[PDB]
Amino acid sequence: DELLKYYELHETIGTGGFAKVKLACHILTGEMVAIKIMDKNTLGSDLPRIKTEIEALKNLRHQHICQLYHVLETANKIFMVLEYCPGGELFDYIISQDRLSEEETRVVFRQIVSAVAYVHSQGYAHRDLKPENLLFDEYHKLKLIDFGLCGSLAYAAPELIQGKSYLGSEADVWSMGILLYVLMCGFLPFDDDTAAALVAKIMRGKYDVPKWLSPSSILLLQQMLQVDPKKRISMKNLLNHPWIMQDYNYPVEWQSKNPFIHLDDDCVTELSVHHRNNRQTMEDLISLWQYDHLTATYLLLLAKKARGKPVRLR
């Protein structure tokens, strides 16, 4: 925890057997941040599992995907600096409310669908969608985290389950079906004690359908949760499914609303005075997009400027 002369570490909020997250604060900007701290000695040959995550995240920029700011590799630690999401967890939200109204699940699902549709357009699949992977920011907007791709068999598609060849996207829509189910009901559509009776239930593909589910809800579950992946609903069709649009009558807007197009002059200007060098060379240096400290500093001034705060380093 040494090269971090960029951040003032605060408290722990995430504890895993693979990794542990700490709240931190970006010295130069003032901006708050979350730092996933790994042990390479725990990973062993799960470096692949994380390095393919990082290159994945380097290629993503969406309003509903947790932003990656910075990577730092020391002798035996990997540090990911990530978008601060102080709204809380999707999962814990669900259990705190027992289950969300149909109209609240819809508002949220549309966010999930937005994230995932964008993921697919960029050439990836999440392949592990679940409540534990969705965070809320302070405006209660969802941030998809934790790319990575043990046992979320509960959320795994049947053809994934059984070593069959598969499309990631068709896999993901399955998992979105399960998620939807648990937003509206508060428990998993397929469940048992051991793993074997769980897998058996998935392969049969039929589930209890609580009294409170609406005709439209019951419909969309069926189209998402098809065993035969030929018969599952495409993303294409999800984006503007009548249930999806039942309350806000517009298709899901999946395209990145914050795209990276040009460099932002102000940020480039502050970064230029601070690093006592000229505009061209500061653009050249940022354009290298190394996700080093300068890339963090840039992304965070950009976020500072969106809050309408002055665009300044300390």
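By rigid core we mean the largest C-alpha set that fits within 1.5 Å across both forms. Numbering starts at 1 and follows the sequence shown.
Problem set entry | Core-fitted comparison in 6 other deposited structures of this protein, 270 to 278 vs 57 to 65, farther C-alphas | Comparing 270 to 278 with 57 to 65, the larger C-alpha deviation in 6 other deposited structures of this protein belongs to 270 to 278.
For this session: Going by root mean square C-alpha distance after a core fit, say whether 47 to 55 or 242 to 250 is farther from the shown form in 6 other deposited structures of this protein.
Result: Comparing 47 to 55 with 242 to 250, the larger C-alpha deviation in 6 other deposited structures of this protein belongs to 47 to 55.
Problem set entry | residue 167 not built in a third or more of the other entries | Across the compared entries, residue 167 is left out in at least a third.
Exercise. Residue 298: absent from a third or more of the other PDB entries compared?
Worked result: Result for residue 298: never missing in the compared entries.
For this session: Using none, 1 to 3, 4 to 9 or 10 or more, say how many deposited residues go missing between residue 78 and residue 79.
Result: The entry has no gap there; residue 78 and residue 79 are joined directly.
For this session: May I ask you to compare 43 to 51 and 258 to 266 by their mean CA B factor in the entry and name the higher one?
Result: Result: 43 to 51.
Exercise. Looking at the entry, does 133 to 141 or 185 to 193 show the higher mean C-alpha B-factor?
Worked result: If you average the C-alpha B-factors of 133 to 141 and of 185 to 193, the larger mean comes out for 185 to 193.
Exercise. If you check the C-alpha B-factor for each of 177, 215, 242, 86 in the entry, which is highest?
Worked result: That would be 215.
Exercise. Reading the B-factor column of the entry, which of 306, 300, 23, 19 has the highest value at its C-alpha atom?
Worked result: Most elevated C-alpha B-factor of the set, per the entry: 19.
For this session: Would you mind checking where the Cα B-factor of residue 71 ranks among the modelled residues of its chain, as the lowest, middle or highest third?
Result: It belongs to the middle third of the chain when residues are ordered by C-alpha B-factor.
Exercise. When the modelled residues of the chain are sorted by Cα temperature factor, does residue 207 land in the lowest, middle or highest third?
Worked result: Highest third, going by the recorded CA B-factors of the chain.
Problem set entry | Third assignment of residue 3 from its chain's C-alpha B-factors | For residue 3, the deposited C-alpha B-factor lands in the highest third.
Exercise. In terms of the chain's CA B-factor thirds, is residue 56 lowest, middle or highest?
Worked result: Tercile = middle for this residue's CA B-factor.
For this session: Comparing against every modelled residue in the chain, figure out the third that the C-alpha B-factor of residue 62 lands in (lowest, middle or highest).
Result: Lowest third of the chain for residue 62's C-alpha B-factor.
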